>>> print(open('data-v3.pdb').read())   # PDB, C-alpha atoms
ATOM      1  CA  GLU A1159      -2.107 -13.289  29.649
ATOM      2  CA  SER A1160      -4.560 -10.417  30.074
ATOM      3  CA  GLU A1161      -7.685 -12.540  29.533
ATOM      4  CA  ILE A1162      -6.542 -14.807  32.399
ATOM      5  CA  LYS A1163      -5.087 -12.264  34.833
ATOM      6  CA  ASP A1164      -8.097  -9.942  34.577
ATOM      7  CA  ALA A1165     -10.472 -12.895  34.952
ATOM      8  CA  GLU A1166      -8.643 -14.112  38.064
ATOM      9  CA  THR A1167      -8.566 -10.603  39.546
ATOM     10  CA  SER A1168     -12.245  -9.858  38.873
ATOM     11  CA  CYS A1169     -13.454 -13.210  40.243
ATOM     12  CA  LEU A1191     -15.695  -8.786  47.474
ATOM     13  CA  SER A1192     -15.708 -11.319  44.641
ATOM     14  CA  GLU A1193     -19.487 -11.791  44.728
ATOM     15  CA  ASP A1194     -20.203  -8.056  44.981
ATOM     16  CA  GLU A1195     -17.937  -7.200  42.032
ATOM     17  CA  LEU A1196     -19.580  -9.951  39.935
ATOM     18  CA  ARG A1197     -23.247  -9.070  40.544
ATOM     19  CA  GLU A1198     -23.295  -5.269  40.728
ATOM     20  CA  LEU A1199     -22.648  -4.971  36.987
ATOM     21  CA  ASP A1200     -25.858  -4.827  34.962
ATOM     22  CA  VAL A1201     -26.448  -7.038  31.938
ATOM     23  CA  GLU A1202     -28.180  -4.391  29.803
ATOM     24  CA  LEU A1203     -25.243  -1.983  30.095
ATOM     25  CA  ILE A1204     -22.821  -4.788  29.212
ATOM     26  CA  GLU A1205     -24.910  -5.731  26.168
ATOM     27  CA  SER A1206     -25.060  -2.093  25.043
ATOM     28  CA  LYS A1207     -21.289  -1.761  25.458
ATOM     29  CA  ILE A1208     -20.713  -4.961  23.469
ATOM     30  CA  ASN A1209     -23.008  -3.724  20.693
ATOM     31  CA  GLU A1210     -21.204  -0.371  20.602
ATOM     32  CA  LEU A1211     -17.837  -2.148  20.466
ATOM     33  CA  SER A1212     -19.028  -4.335  17.584
ATOM     34  CA  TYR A1213     -20.376  -1.309  15.701
ATOM     35  CA  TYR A1214     -17.074   0.515  16.221
ATOM     36  CA  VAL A1215     -14.933  -2.456  15.166
ATOM     37  CA  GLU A1216     -17.084  -2.901  12.053
ATOM     38  CA  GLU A1217     -15.520   0.291  10.642
ATOM     39  CA  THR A1218     -12.427   0.774  12.833
ATOM     40  CA  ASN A1219      -9.830  -0.983  10.633
ATOM     41  CA  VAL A1220      -6.973  -0.581  13.101
ATOM     42  CA  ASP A1221      -3.441  -0.464  11.706
ATOM     43  CA  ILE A1222       0.108   0.376  12.756
ATOM     44  CA  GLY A1223       0.452   2.766   9.819
TER      45      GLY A1223
ATOM     46  CA  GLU B 934     -36.665 -23.072  10.065
ATOM     47  CA  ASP B 935     -34.079 -20.467  11.101
ATOM     48  CA  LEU B 936     -31.286 -21.405   8.682
ATOM     49  CA  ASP B 962     -16.227 -31.865   9.244
ATOM     50  CA  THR B 963     -15.937 -30.117  12.614
ATOM     51  CA  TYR B 964     -12.683 -28.263  11.898
ATOM     52  CA  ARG B 965     -14.063 -27.186   8.507
ATOM     53  CA  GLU B 966     -16.613 -24.907  10.183
ATOM     54  CA  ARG B 967     -13.886 -23.389  12.366
ATOM     55  CA  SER B 968     -11.693 -22.800   9.308
ATOM     56  CA  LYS B 969     -14.625 -21.177   7.494
ATOM     57  CA  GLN B 970     -15.307 -18.916  10.483
ATOM     58  CA  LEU B 971     -11.619 -17.976  10.636
ATOM     59  CA  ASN B 972     -11.612 -17.151   6.917
ATOM     60  CA  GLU B 973     -14.747 -15.035   7.376
ATOM     61  CA  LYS B 974     -13.136 -13.185  10.292
ATOM     62  CA  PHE B 975      -9.994 -12.603   8.216
ATOM     63  CA  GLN B 976     -12.106 -11.220   5.365
ATOM     64  CA  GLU B 977     -13.883  -8.972   7.876
ATOM     65  CA  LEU B 978     -10.441  -7.794   9.019
ATOM     66  CA  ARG B 979     -10.088  -6.504   5.427
ATOM     67  CA  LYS B 980     -12.786  -3.834   5.933
ATOM     68  CA  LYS B 981     -10.884  -1.634   3.458
ATOM     69  CA  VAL B 982     -13.407  -1.313   0.638
ATOM     70  CA  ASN B 983     -12.226  -3.379  -2.321
ATOM     71  CA  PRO B 984     -15.230  -3.125  -4.661
ATOM     72  CA  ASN B 985     -13.229  -0.652  -6.737
ATOM     73  CA  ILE B 986     -10.615  -3.299  -7.618
ATOM     74  CA  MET B 987     -11.465  -2.814 -11.301
ATOM     75  CA  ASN B 988     -10.503   0.866 -11.439
ATOM     76  CA  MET B 989      -7.635   0.148  -9.032
ATOM     77  CA  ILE B 990      -6.216  -2.433 -11.453
ATOM     78  CA  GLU B 991      -6.786   0.005 -14.326
ATOM     79  CA  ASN B 992      -4.836   2.722 -12.497
ATOM     80  CA  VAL B 993      -2.120   0.172 -11.699
ATOM     81  CA  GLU B 994      -1.925  -0.715 -15.399
ATOM     82  CA  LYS B 995      -1.696   2.910 -16.531
ATOM     83  CA  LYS B 996       0.954   3.655 -13.893
ATOM     84  CA  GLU B 997       2.968   0.602 -14.952
ATOM     85  CA  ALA B 998       2.729   1.752 -18.575
ATOM     86  CA  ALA B 999       4.017   5.154 -17.458
ATOM     87  CA  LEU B1000       6.833   3.372 -15.608
ATOM     88  CA  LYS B1001       7.790   1.379 -18.716
ATOM     89  CA  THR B1002       7.831   4.617 -20.713
ATOM     90  CA  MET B1003      10.043   6.173 -18.025
ATOM     91  CA  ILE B1004      12.432   3.205 -18.156
ATOM     92  CA  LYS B1005      12.565   3.579 -21.943
ATOM     93  CA  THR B1006      13.279   7.278 -21.380
ATOM     94  CA  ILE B1007      16.169   6.433 -19.040
ATOM     95  CA  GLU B1008      17.712   3.846 -21.362
ATOM     96  CA  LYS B1009      17.400   6.041 -24.461
ATOM     97  CA  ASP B1010      18.855   8.947 -22.470
ATOM     98  CA  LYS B1011      21.899   6.874 -21.511
ATOM     99  CA  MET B1012      22.228   5.724 -25.128
ATOM    100  CA  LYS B1013      22.084   9.354 -26.282
ATOM    101  CA  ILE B1014      24.645  10.454 -23.681
ATOM    102  CA  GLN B1015      27.155   7.827 -24.788
ATOM    103  CA  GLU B1016      26.509   7.831 -28.544
ATOM    104  CA  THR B1017      26.580  11.627 -28.928
ATOM    105  CA  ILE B1018      30.146  11.930 -27.644
ATOM    106  CA  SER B1019      31.342   8.672 -29.219
ATOM    107  CA  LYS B1020      30.099   9.903 -32.606
ATOM    108  CA  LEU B1021      31.293  13.501 -32.195
ATOM    109  CA  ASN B1022      34.835  12.280 -31.517
ATOM    110  CA  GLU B1023      34.855  10.382 -34.820
ATOM    111  CA  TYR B1024      33.137  13.246 -36.662
ATOM    112  CA  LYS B1025      35.802  15.720 -35.542
ATOM    113  CA  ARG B1026      38.684  13.312 -36.190
ATOM    114  CA  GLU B1027      37.372  12.693 -39.713
ATOM    115  CA  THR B1028      36.517  16.312 -40.553
ATOM    116  CA  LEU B1029      39.650  18.048 -39.248
ATOM    117  CA  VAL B1030      42.075  15.877 -41.230
ATOM    118  CA  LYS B1031      40.314  16.478 -44.545
TER     119      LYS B1031
ATOM    120  CA  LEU C 198      14.708   7.923  -5.224
ATOM    121  CA  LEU C 199      11.073   9.059  -5.354
ATOM    122  CA  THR C 200      10.088   5.887  -7.220
ATOM    123  CA  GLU C 201      11.909   3.599  -4.778
ATOM    124  CA  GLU C 202      10.270   5.480  -1.889
ATOM    125  CA  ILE C 203       6.794   5.135  -3.417
ATOM    126  CA  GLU C 204       7.463   1.442  -4.252
ATOM    127  CA  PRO C 205       6.455   0.585  -0.654
ATOM    128  CA  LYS C 206       2.993   1.887  -1.572
ATOM    129  CA  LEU C 207       3.032  -0.135  -4.804
ATOM    130  CA  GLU C 208       3.817  -3.282  -2.810
ATOM    131  CA  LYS C 209       1.098  -2.377  -0.299
ATOM    132  CA  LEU C 210      -1.391  -2.094  -3.170
ATOM    133  CA  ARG C 211      -0.193  -5.395  -4.649
ATOM    134  CA  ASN C 212      -0.780  -6.986  -1.242
ATOM    135  CA  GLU C 213      -4.192  -5.334  -0.806
ATOM    136  CA  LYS C 214      -5.131  -6.788  -4.216
ATOM    137  CA  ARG C 215      -3.652 -10.301  -4.011
ATOM    138  CA  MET C 216      -4.741 -10.921  -0.415
ATOM    139  CA  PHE C 217      -8.143  -9.447  -1.304
ATOM    140  CA  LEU C 218      -8.586 -11.936  -4.148
ATOM    141  CA  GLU C 219      -7.376 -14.720  -1.848
ATOM    142  CA  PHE C 220      -9.870 -13.658   0.828
ATOM    143  CA  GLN C 221     -12.662 -13.578  -1.761
ATOM    144  CA  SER C 222     -11.792 -17.121  -2.855
ATOM    145  CA  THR C 223     -11.587 -18.191   0.796
ATOM    146  CA  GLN C 224     -14.994 -16.631   1.489
ATOM    147  CA  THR C 225     -16.466 -18.471  -1.503
ATOM    148  CA  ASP C 226     -15.001 -21.763  -0.271
ATOM    149  CA  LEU C 227     -16.231 -21.005   3.257
ATOM    150  CA  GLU C 228     -19.745 -20.320   1.964
ATOM    151  CA  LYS C 229     -19.657 -23.608   0.043
ATOM    152  CA  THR C 230     -18.452 -25.527   3.108
ATOM    153  CA  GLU C 231     -21.068 -23.797   5.274
ATOM    154  CA  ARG C 232     -23.814 -24.746   2.816
ATOM    155  CA  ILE C 233     -22.595 -28.359   2.811
ATOM    156  CA  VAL C 234     -22.465 -28.436   6.617
ATOM    157  CA  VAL C 235     -25.919 -26.841   6.819
ATOM    158  CA  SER C 236     -27.326 -29.480   4.465
ATOM    159  CA  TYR C 237     -25.719 -32.249   6.536
ATOM    160  CA  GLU C 238     -27.042 -30.759   9.784
ATOM    161  CA  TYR C 239     -30.512 -30.350   8.261
ATOM    162  CA  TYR C 240     -30.538 -33.991   7.151
ATOM    163  CA  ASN C 241     -29.398 -35.092  10.617
ATOM    164  CA  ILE C 242     -32.013 -32.896  12.312
ATOM    165  CA  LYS C 243     -34.726 -34.257  10.014
ATOM    166  CA  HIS C 244     -33.697 -37.833  10.826
ATOM    167  CA  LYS C 245     -33.674 -37.035  14.553
ATOM    168  CA  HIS C 246     -37.083 -35.349  14.314
TER     169      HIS C 246
ATOM    170  CA  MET D 344      28.658  33.626  -6.150
ATOM    171  CA  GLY D 345      27.139  32.201  -9.327
ATOM    172  CA  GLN D 346      28.073  28.584  -8.667
ATOM    173  CA  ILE D 347      27.123  28.614  -4.976
ATOM    174  CA  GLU D 348      23.847  30.406  -5.724
ATOM    175  CA  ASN D 349      22.729  27.973  -8.424
ATOM    176  CA  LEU D 350      23.761  25.018  -6.250
ATOM    177  CA  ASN D 351      21.781  26.470  -3.339
ATOM    178  CA  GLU D 352      18.784  27.063  -5.612
ATOM    179  CA  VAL D 353      18.763  23.488  -6.906
ATOM    180  CA  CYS D 354      19.286  22.036  -3.415
ATOM    181  CA  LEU D 355      16.446  24.186  -2.054
ATOM    182  CA  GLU D 356      14.246  22.993  -4.922
ATOM    183  CA  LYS D 357      15.127  19.389  -4.055
ATOM    184  CA  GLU D 358      14.418  19.942  -0.350
ATOM    185  CA  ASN D 359      11.068  21.497  -1.275
ATOM    186  CA  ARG D 360      10.226  18.593  -3.593
ATOM    187  CA  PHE D 361      10.977  16.286  -0.660
ATOM    188  CA  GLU D 362       8.564  18.291   1.537
ATOM    189  CA  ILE D 363       5.917  19.576  -0.902
ATOM    190  CA  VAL D 364       2.790  18.572   1.026
ATOM    191  CA  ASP D 365       3.942  17.299   4.456
ATOM    192  CA  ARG D 366       0.212  16.965   5.183
ATOM    193  CA  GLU D 367      -0.910  13.859   3.290
ATOM    194  CA  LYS D 368       1.322  11.684   5.468
ATOM    195  CA  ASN D 369       0.156  13.734   8.457
ATOM    196  CA  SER D 370      -3.477  13.232   7.425
ATOM    197  CA  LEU D 371      -2.945   9.472   7.125
ATOM    198  CA  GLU D 372      -1.227   9.467  10.525
ATOM    199  CA  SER D 373      -4.124  11.347  12.135
ATOM    200  CA  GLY D 374      -6.623   8.960  10.552
ATOM    201  CA  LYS D 375      -4.670   5.948  11.790
ATOM    202  CA  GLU D 376      -4.462   7.516  15.260
ATOM    203  CA  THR D 377      -8.239   7.998  15.304
ATOM    204  CA  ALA D 378      -8.657   4.378  14.194
ATOM    205  CA  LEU D 379      -6.286   3.274  16.966
ATOM    206  CA  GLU D 380      -8.264   5.261  19.545
ATOM    207  CA  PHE D 381     -11.473   3.620  18.318
ATOM    208  CA  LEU D 382      -9.758   0.225  18.550
ATOM    209  CA  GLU D 383      -8.590   0.996  22.097
ATOM    210  CA  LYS D 384     -12.146   1.922  23.090
ATOM    211  CA  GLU D 385     -13.366  -1.318  21.499
ATOM    212  CA  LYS D 386     -10.697  -3.251  23.412
ATOM    213  CA  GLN D 387     -11.769  -1.632  26.688
ATOM    214  CA  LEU D 388     -15.382  -2.572  25.948
ATOM    215  CA  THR D 389     -14.250  -6.114  25.104
ATOM    216  CA  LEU D 390     -12.392  -6.329  28.422
ATOM    217  CA  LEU D 391     -15.553  -5.173  30.201
ATOM    218  CA  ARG D 392     -17.538  -7.824  28.317
TER     219      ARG D 392
END
>>> encode(input="data-v3.pdb", output="structure tokens")
Amino acid sequence: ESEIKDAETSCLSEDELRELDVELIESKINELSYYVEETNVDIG
Amino acid sequence: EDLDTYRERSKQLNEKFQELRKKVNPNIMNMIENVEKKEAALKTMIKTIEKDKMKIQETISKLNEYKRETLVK
Amino acid sequence: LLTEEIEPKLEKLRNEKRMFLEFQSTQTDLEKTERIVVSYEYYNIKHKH
Amino acid sequence: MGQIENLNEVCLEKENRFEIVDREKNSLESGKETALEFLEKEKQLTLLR
């Protein structure tokens, strides 16, 4: 339950939810998508 | 100008599963050809094994009779 | 022994071929269903407009 | 001497045939480790998102 525990821990609460910029988050999401497009993770 | 409910979700899941197969499979033709040639080699190797066992048994089983027939005469 | 140790790779290739063909068929069916749903949504949007 | 030496020679040849390259598997392992590091970075970015 990482997606729930981390969400409950991240939500002071207002300062930790407004200090993060939206442009940096969008750039990080785009980089993650570009990396996962050719990652092909495996337990090999 | 830019461009039944569970069907769209199933289609999106199938698309995500196909994306999870990022291993390039446009070379499936030559891959199947290599598989076919390797399976032909494997059939030839199985024939080699079976004919080798047949040789191993038949050589001695015929040499016994050859000696037993030649020595007496 | 070498052949039975490489046979894991043969089965991996058989999987990467069969599941690949299955995923291609599933992508074709998904494209067909998406086209049908897009036509239905376009008809509904035209009626609403 | 003869028998033990030929047995040792054939067993050494077999052990070598079992470990001829010892790099192809290592290369695949390093590639998979790099892919896993990329996936971990992507997972960290997804957690941030």
>>> resolve_selection(input="data-v3.pdb", expression="the PyMOL selection byres ((chain D) within 12 of (chain A))", output="list in words")
residues 368, 369, 370, 371, 372, 373, 374, 375, 376, 377, 378, 379, 380, 381, 382, 383, 384, 385, 386, 387, 388, 389, 390, 391 and 392 of chain D
>>> atom_distance(input="data-v3.pdb", atom1="atom CA of residue 218 of chain C", atom2="atom CA of residue 986 of chain B")
9.5 Å
>>> resolve_selection(input="data-v3.pdb", expression="the PyMOL selection byres ((chain C) within 12 of (chain D))", output="short mmCIF file (atom, residue, chain, number, x, y, z; two decimals) with C-alpha atoms, keeping the file's coordinate frame")
data_model
loop_
_atom_site.label_atom_id
_atom_site.label_comp_id
_atom_site.auth_asym_id
_atom_site.auth_seq_id
_atom_site.Cartn_x
_atom_site.Cartn_y
_atom_site.Cartn_z
CA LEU C 198 14.71 7.92 -5.22
CA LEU C 199 11.07 9.06 -5.35
CA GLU C 202 10.27 5.48 -1.89
#
>>> interface_residues(input="data-v3.pdb", of="chain B", to="chain A", cutoff="9 Å", atoms="all atoms listed in the file", output="list in words")
residues 977, 978, 979, 980 and 981 of chain B
>>> write_last_selection(input="data-v3.pdb", atoms="C-alpha atoms", output="short mmCIF file (atom, residue, chain, number, x, y, z; two decimals), keeping the file's coordinate frame")
data_model
loop_
_atom_site.label_atom_id
_atom_site.label_comp_id
_atom_site.auth_asym_id
_atom_site.auth_seq_id
_atom_site.Cartn_x
_atom_site.Cartn_y
_atom_site.Cartn_z
CA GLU B 977 -13.88 -8.97 7.88
CA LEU B 978 -10.44 -7.79 9.02
CA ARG B 979 -10.09 -6.50 5.43
CA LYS B 980 -12.79 -3.83 5.93
CA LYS B 981 -10.88 -1.63 3.46
#
>>> interface_residues(input="data-v3.pdb", of="chain B", to="chain C", cutoff="10 Å", atoms="all atoms listed in the file", output="tab-separated table (two decimals) with C-alpha atoms, in the coordinates of the input")
chain	number	residue	atom	x	y	z
B	934	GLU	CA	-36.66	-23.07	10.06
B	936	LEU	CA	-31.29	-21.40	8.68
B	962	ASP	CA	-16.23	-31.86	9.24
B	963	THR	CA	-15.94	-30.12	12.61
B	965	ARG	CA	-14.06	-27.19	8.51
B	966	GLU	CA	-16.61	-24.91	10.18
B	967	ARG	CA	-13.89	-23.39	12.37
B	968	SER	CA	-11.69	-22.80	9.31
B	969	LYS	CA	-14.62	-21.18	7.49
B	970	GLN	CA	-15.31	-18.92	10.48
B	971	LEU	CA	-11.62	-17.98	10.64
B	972	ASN	CA	-11.61	-17.15	6.92
B	973	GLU	CA	-14.75	-15.04	7.38
B	974	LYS	CA	-13.14	-13.18	10.29
B	975	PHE	CA	-9.99	-12.60	8.22
B	976	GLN	CA	-12.11	-11.22	5.36
B	977	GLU	CA	-13.88	-8.97	7.88
B	979	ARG	CA	-10.09	-6.50	5.43
B	981	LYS	CA	-10.88	-1.63	3.46
B	982	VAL	CA	-13.41	-1.31	0.64
B	983	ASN	CA	-12.23	-3.38	-2.32
B	986	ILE	CA	-10.62	-3.30	-7.62
B	989	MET	CA	-7.64	0.15	-9.03
B	990	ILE	CA	-6.22	-2.43	-11.45
B	993	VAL	CA	-2.12	0.17	-11.70
B	1000	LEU	CA	6.83	3.37	-15.61
>>> decode(input="data-v3.pdb", residues="segment 357-386 of chain D", atoms="N, CA and C atoms", output="compact mmCIF listing (two decimals), in the first residue's frame")
# COMPACT_ATOMS: atom_id res chain seq x y z
N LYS D 357 35.88 -30.40 -20.27
CA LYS D 357 34.46 -30.24 -19.96
C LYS D 357 34.21 -29.01 -19.11
N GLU D 358 35.05 -28.79 -18.09
CA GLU D 358 34.90 -27.61 -17.24
C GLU D 358 35.10 -26.33 -18.04
N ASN D 359 36.01 -26.35 -19.01
CA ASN D 359 36.21 -25.18 -19.87
C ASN D 359 35.00 -24.97 -20.78
N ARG D 360 34.48 -26.05 -21.36
CA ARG D 360 33.28 -25.94 -22.20
C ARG D 360 32.09 -25.43 -21.40
N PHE D 361 32.05 -25.71 -20.10
CA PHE D 361 30.99 -25.16 -19.26
C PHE D 361 31.20 -23.68 -18.98
N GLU D 362 32.44 -23.19 -19.06
CA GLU D 362 32.77 -21.80 -18.77
C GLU D 362 33.57 -21.15 -19.89
N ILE D 363 33.15 -21.35 -21.15
CA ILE D 363 33.89 -20.81 -22.28
C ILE D 363 33.89 -19.28 -22.24
N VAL D 364 32.71 -18.67 -22.22
CA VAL D 364 32.62 -17.22 -22.32
C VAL D 364 32.56 -16.58 -20.93
N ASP D 365 31.58 -16.98 -20.11
CA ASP D 365 31.38 -16.42 -18.78
C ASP D 365 31.21 -14.91 -18.82
N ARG D 366 30.89 -14.37 -19.99
CA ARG D 366 30.75 -12.93 -20.17
C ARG D 366 29.40 -12.59 -20.79
N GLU D 367 28.90 -13.47 -21.67
CA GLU D 367 27.60 -13.24 -22.28
C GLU D 367 26.50 -13.19 -21.23
N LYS D 368 26.49 -14.15 -20.31
CA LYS D 368 25.56 -14.09 -19.18
C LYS D 368 25.84 -12.87 -18.32
N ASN D 369 27.12 -12.54 -18.12
CA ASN D 369 27.47 -11.35 -17.35
C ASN D 369 27.04 -10.08 -18.08
N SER D 370 27.16 -10.06 -19.41
CA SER D 370 26.71 -8.90 -20.17
C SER D 370 25.19 -8.74 -20.07
N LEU D 371 24.45 -9.85 -20.18
CA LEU D 371 23.00 -9.78 -20.03
C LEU D 371 22.62 -9.34 -18.62
N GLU D 372 23.36 -9.79 -17.61
CA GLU D 372 23.07 -9.39 -16.24
C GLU D 372 23.33 -7.90 -16.04
N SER D 373 24.42 -7.38 -16.62
CA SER D 373 24.70 -5.95 -16.50
C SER D 373 23.65 -5.12 -17.23
N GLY D 374 23.22 -5.59 -18.41
CA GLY D 374 22.15 -4.89 -19.12
C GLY D 374 20.85 -4.88 -18.34
N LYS D 375 20.49 -6.02 -17.75
CA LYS D 375 19.28 -6.08 -16.94
C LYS D 375 19.40 -5.23 -15.68
N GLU D 376 20.61 -5.12 -15.11
CA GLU D 376 20.80 -4.26 -13.95
C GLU D 376 20.67 -2.79 -14.32
N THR D 377 21.19 -2.40 -15.49
CA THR D 377 20.99 -1.04 -15.96
C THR D 377 19.52 -0.75 -16.22
N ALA D 378 18.80 -1.72 -16.81
CA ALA D 378 17.37 -1.55 -17.02
C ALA D 378 16.62 -1.44 -15.70
N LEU D 379 17.04 -2.20 -14.69
CA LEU D 379 16.40 -2.12 -13.38
C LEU D 379 16.69 -0.80 -12.69
N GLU D 380 17.90 -0.25 -12.88
CA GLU D 380 18.19 1.07 -12.33
C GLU D 380 17.35 2.15 -13.01
N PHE D 381 17.20 2.05 -14.34
CA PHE D 381 16.33 2.98 -15.05
C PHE D 381 14.89 2.86 -14.57
N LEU D 382 14.43 1.62 -14.34
CA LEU D 382 13.07 1.42 -13.84
C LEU D 382 12.91 1.95 -12.42
N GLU D 383 13.95 1.85 -11.59
CA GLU D 383 13.87 2.41 -10.24
C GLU D 383 13.82 3.93 -10.28
N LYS D 384 14.59 4.55 -11.18
CA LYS D 384 14.51 6.00 -11.35
C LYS D 384 13.12 6.40 -11.84
N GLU D 385 12.56 5.64 -12.78
CA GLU D 385 11.21 5.92 -13.26
C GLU D 385 10.18 5.76 -12.15
N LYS D 386 10.38 4.78 -11.27
CA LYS D 386 9.45 4.57 -10.16
C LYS D 386 9.56 5.70 -9.14
